[PDB]
$ cat coords.pdb   # PDB, N, CA and C atoms
MODEL        1
ATOM      1  N   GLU Y   1      26.514 -43.526   0.112  1.00  0.00           N
ATOM      2  CA  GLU Y   1      26.532 -43.000  -1.279  1.00  0.00           C
ATOM      3  C   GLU Y   1      25.116 -42.814  -1.819  1.00  0.00           C
ATOM      4  N   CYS Y   2      24.814 -41.601  -2.267  1.00  0.00           N
ATOM      5  CA  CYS Y   2      23.497 -41.289  -2.803  1.00  0.00           C
ATOM      6  C   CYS Y   2      23.117 -42.251  -3.912  1.00  0.00           C
ATOM      7  N   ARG Y   3      22.348 -43.246  -3.528  1.00  0.00           N
ATOM      8  CA  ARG Y   3      21.870 -44.243  -4.451  1.00  0.00           C
ATOM      9  C   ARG Y   3      20.666 -43.713  -5.191  1.00  0.00           C
ATOM     10  N   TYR Y   4      20.939 -43.176  -6.363  1.00  0.00           N
ATOM     11  CA  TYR Y   4      19.904 -42.609  -7.209  1.00  0.00           C
ATOM     12  C   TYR Y   4      18.779 -43.623  -7.404  1.00  0.00           C
ATOM     13  N   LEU Y   5      17.879 -43.343  -8.337  1.00  0.00           N
ATOM     14  CA  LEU Y   5      16.767 -44.246  -8.614  1.00  0.00           C
ATOM     15  C   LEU Y   5      17.275 -45.623  -9.035  1.00  0.00           C
ATOM     16  N   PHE Y   6      16.976 -46.634  -8.221  1.00  0.00           N
ATOM     17  CA  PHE Y   6      17.398 -48.002  -8.505  1.00  0.00           C
ATOM     18  C   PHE Y   6      18.800 -48.267  -7.969  1.00  0.00           C
ATOM     19  N   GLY Y   7      19.169 -47.560  -6.906  1.00  0.00           N
ATOM     20  CA  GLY Y   7      20.483 -47.739  -6.316  1.00  0.00           C
ATOM     21  C   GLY Y   7      20.434 -48.559  -5.040  1.00  0.00           C
ATOM     22  N   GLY Y   8      21.238 -49.618  -4.986  1.00  0.00           N
ATOM     23  CA  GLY Y   8      21.269 -50.466  -3.808  1.00  0.00           C
ATOM     24  C   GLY Y   8      21.504 -49.676  -2.536  1.00  0.00           C
ATOM     25  N   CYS Y   9      20.528 -49.700  -1.635  1.00  0.00           N
ATOM     26  CA  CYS Y   9      20.637 -48.971  -0.376  1.00  0.00           C
ATOM     27  C   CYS Y   9      20.435 -49.890   0.823  1.00  0.00           C
ATOM     28  N   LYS Y  10      21.288 -49.733   1.831  1.00  0.00           N
ATOM     29  CA  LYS Y  10      21.193 -50.535   3.044  1.00  0.00           C
ATOM     30  C   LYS Y  10      20.108 -49.975   3.954  1.00  0.00           C
ATOM     31  N   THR Y  11      19.763 -48.717   3.717  1.00  0.00           N
ATOM     32  CA  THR Y  11      18.730 -48.034   4.488  1.00  0.00           C
ATOM     33  C   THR Y  11      18.207 -46.832   3.722  1.00  0.00           C
ATOM     34  N   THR Y  12      17.320 -46.085   4.358  1.00  0.00           N
ATOM     35  CA  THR Y  12      16.757 -44.895   3.743  1.00  0.00           C
ATOM     36  C   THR Y  12      17.800 -43.788   3.682  1.00  0.00           C
ATOM     37  N   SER Y  13      18.723 -43.811   4.636  1.00  0.00           N
ATOM     38  CA  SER Y  13      19.780 -42.819   4.705  1.00  0.00           C
ATOM     39  C   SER Y  13      20.946 -43.196   3.798  1.00  0.00           C
ATOM     40  N   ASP Y  14      20.716 -44.160   2.913  1.00  0.00           N
ATOM     41  CA  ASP Y  14      21.751 -44.618   1.995  1.00  0.00           C
ATOM     42  C   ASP Y  14      21.436 -44.215   0.558  1.00  0.00           C
ATOM     43  N   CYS Y  15      20.373 -43.436   0.373  1.00  0.00           N
ATOM     44  CA  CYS Y  15      19.985 -42.995  -0.962  1.00  0.00           C
ATOM     45  C   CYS Y  15      20.092 -41.486  -1.110  1.00  0.00           C
ATOM     46  N   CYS Y  16      20.009 -41.039  -2.357  1.00  0.00           N
ATOM     47  CA  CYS Y  16      20.091 -39.629  -2.689  1.00  0.00           C
ATOM     48  C   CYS Y  16      19.079 -38.797  -1.918  1.00  0.00           C
ATOM     49  N   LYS Y  17      18.585 -37.756  -2.555  1.00  0.00           N
ATOM     50  CA  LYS Y  17      17.643 -36.848  -1.917  1.00  0.00           C
ATOM     51  C   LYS Y  17      16.198 -37.249  -2.164  1.00  0.00           C
ATOM     52  N   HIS Y  18      15.754 -37.060  -3.394  1.00  0.00           N
ATOM     53  CA  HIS Y  18      14.386 -37.365  -3.768  1.00  0.00           C
ATOM     54  C   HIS Y  18      14.056 -38.839  -3.581  1.00  0.00           C
ATOM     55  N   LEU Y  19      15.077 -39.643  -3.351  1.00  0.00           N
ATOM     56  CA  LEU Y  19      14.884 -41.077  -3.183  1.00  0.00           C
ATOM     57  C   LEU Y  19      14.765 -41.490  -1.723  1.00  0.00           C
ATOM     58  N   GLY Y  20      14.123 -42.636  -1.520  1.00  0.00           N
ATOM     59  CA  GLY Y  20      13.940 -43.185  -0.192  1.00  0.00           C
ATOM     60  C   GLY Y  20      14.025 -44.701  -0.213  1.00  0.00           C
ATOM     61  N   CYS Y  21      14.837 -45.269   0.673  1.00  0.00           N
ATOM     62  CA  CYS Y  21      15.006 -46.714   0.726  1.00  0.00           C
ATOM     63  C   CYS Y  21      13.821 -47.389   1.406  1.00  0.00           C
ATOM     64  N   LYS Y  22      13.190 -48.316   0.693  1.00  0.00           N
ATOM     65  CA  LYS Y  22      12.041 -49.040   1.223  1.00  0.00           C
ATOM     66  C   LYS Y  22      12.415 -50.475   1.580  1.00  0.00           C
ATOM     67  N   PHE Y  23      12.304 -50.807   2.863  1.00  0.00           N
ATOM     68  CA  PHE Y  23      12.631 -52.143   3.340  1.00  0.00           C
ATOM     69  C   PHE Y  23      11.830 -53.209   2.591  1.00  0.00           C
ATOM     70  N   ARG Y  24      12.284 -53.537   1.387  1.00  0.00           N
ATOM     71  CA  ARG Y  24      11.616 -54.543   0.566  1.00  0.00           C
ATOM     72  C   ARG Y  24      12.366 -54.758  -0.745  1.00  0.00           C
ATOM     73  N   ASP Y  25      12.321 -53.758  -1.619  1.00  0.00           N
ATOM     74  CA  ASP Y  25      12.994 -53.838  -2.911  1.00  0.00           C
ATOM     75  C   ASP Y  25      14.508 -53.777  -2.741  1.00  0.00           C
ATOM     76  N   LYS Y  26      14.951 -53.067  -1.706  1.00  0.00           N
ATOM     77  CA  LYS Y  26      16.375 -52.928  -1.418  1.00  0.00           C
ATOM     78  C   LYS Y  26      16.982 -51.739  -2.160  1.00  0.00           C
ATOM     79  N   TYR Y  27      16.303 -51.277  -3.208  1.00  0.00           N
ATOM     80  CA  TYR Y  27      16.793 -50.144  -3.983  1.00  0.00           C
ATOM     81  C   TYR Y  27      16.252 -48.832  -3.438  1.00  0.00           C
ATOM     82  N   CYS Y  28      16.417 -47.776  -4.217  1.00  0.00           N
ATOM     83  CA  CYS Y  28      15.950 -46.457  -3.820  1.00  0.00           C
ATOM     84  C   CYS Y  28      14.849 -45.966  -4.750  1.00  0.00           C
ATOM     85  N   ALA Y  29      13.682 -45.692  -4.177  1.00  0.00           N
ATOM     86  CA  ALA Y  29      12.546 -45.213  -4.952  1.00  0.00           C
ATOM     87  C   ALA Y  29      12.130 -43.820  -4.498  1.00  0.00           C
ATOM     88  N   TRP Y  30      11.686 -43.004  -5.446  1.00  0.00           N
ATOM     89  CA  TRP Y  30      11.263 -41.644  -5.137  1.00  0.00           C
ATOM     90  C   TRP Y  30      10.443 -41.610  -3.853  1.00  0.00           C
ATOM     91  N   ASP Y  31      10.513 -40.486  -3.150  1.00  0.00           N
ATOM     92  CA  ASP Y  31       9.786 -40.317  -1.901  1.00  0.00           C
ATOM     93  C   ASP Y  31      10.168 -39.004  -1.232  1.00  0.00           C
ATOM     94  N   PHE Y  32       9.413 -37.953  -1.530  1.00  0.00           N
ATOM     95  CA  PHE Y  32       9.674 -36.641  -0.963  1.00  0.00           C
ATOM     96  C   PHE Y  32       8.696 -35.616  -1.522  1.00  0.00           C
ATOM     97  N   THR Y  33       7.657 -35.322  -0.750  1.00  0.00           N
ATOM     98  CA  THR Y  33       6.639 -34.364  -1.162  1.00  0.00           C
ATOM     99  C   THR Y  33       5.544 -35.053  -1.968  1.00  0.00           C
ATOM    100  N   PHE Y  34       4.558 -34.277  -2.403  1.00  0.00           N
ATOM    101  CA  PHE Y  34       3.452 -34.815  -3.186  1.00  0.00           C
ATOM    102  C   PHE Y  34       3.708 -34.646  -4.679  1.00  0.00           C
ATOM    103  N   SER Y  35       4.269 -35.679  -5.300  1.00  0.00           N
ATOM    104  CA  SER Y  35       4.567 -35.641  -6.728  1.00  0.00           C
ATOM    105  C   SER Y  35       4.885 -37.035  -7.256  1.00  0.00           C
TER     106      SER Y  35
ENDMDL
END
$ encode --input "coords.pdb" --output "structure tokens"
Amino acid sequence: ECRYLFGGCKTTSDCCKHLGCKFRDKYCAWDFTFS
């Protein structure tokens, strides 16, 4: 399920688009392109 900003993600492939799961916070933080 696309875990928007601050969405519990088990991995990077568990978040929305512009978001990326970082092995640390457990949530989904922006990550896609230079912005």
$ closest_residue --input "coords.pdb" --among "Y:18, Y:7, Y:1, Y:12" --to "residue 31 (chain Y)" --atoms "all atoms listed in the file"
Y:18
$ select_by_dssp --input "coords.pdb" --residues "chain Y" --states "strand (DSSP E)" --output "PyMOL selection string"
chain Y and resi 19-21+28-30
$ residues_around --input "coords.pdb" --residues "residue 3 (chain Y)" --least-positions-apart "2" --cutoff "6.5 Å" --atoms "only N, CA and C atoms" --output "ChimeraX atom specification"
/Y:1,5-9,14-16,28
$ atom_distance --input "coords.pdb" --atom1 "atom N of residue 34 (chain Y)" --atom2 "atom N of residue 11 (chain Y)"
21.8 Å
$ atom_distance --input "coords.pdb" --atom1 "atom C of residue 19 (chain Y)" --atom2 "atom N of residue 4 (chain Y)"
7.9 Å
$ axis_aligned_box --input "coords.pdb" --around "region 12-26 of chain Y" --padding-each-side "8 Å" --output "JSON"
{"center_x": 16.7, "center_y": -45.8, "center_z": 0.5, "size_x": 26.1, "size_y": 33.9, "size_z": 24.5}
$ atom_distance --input "coords.pdb" --atom1 "atom N of residue 27 (chain Y)" --atom2 "CA of residue 2 (chain Y)"
12.3 Å
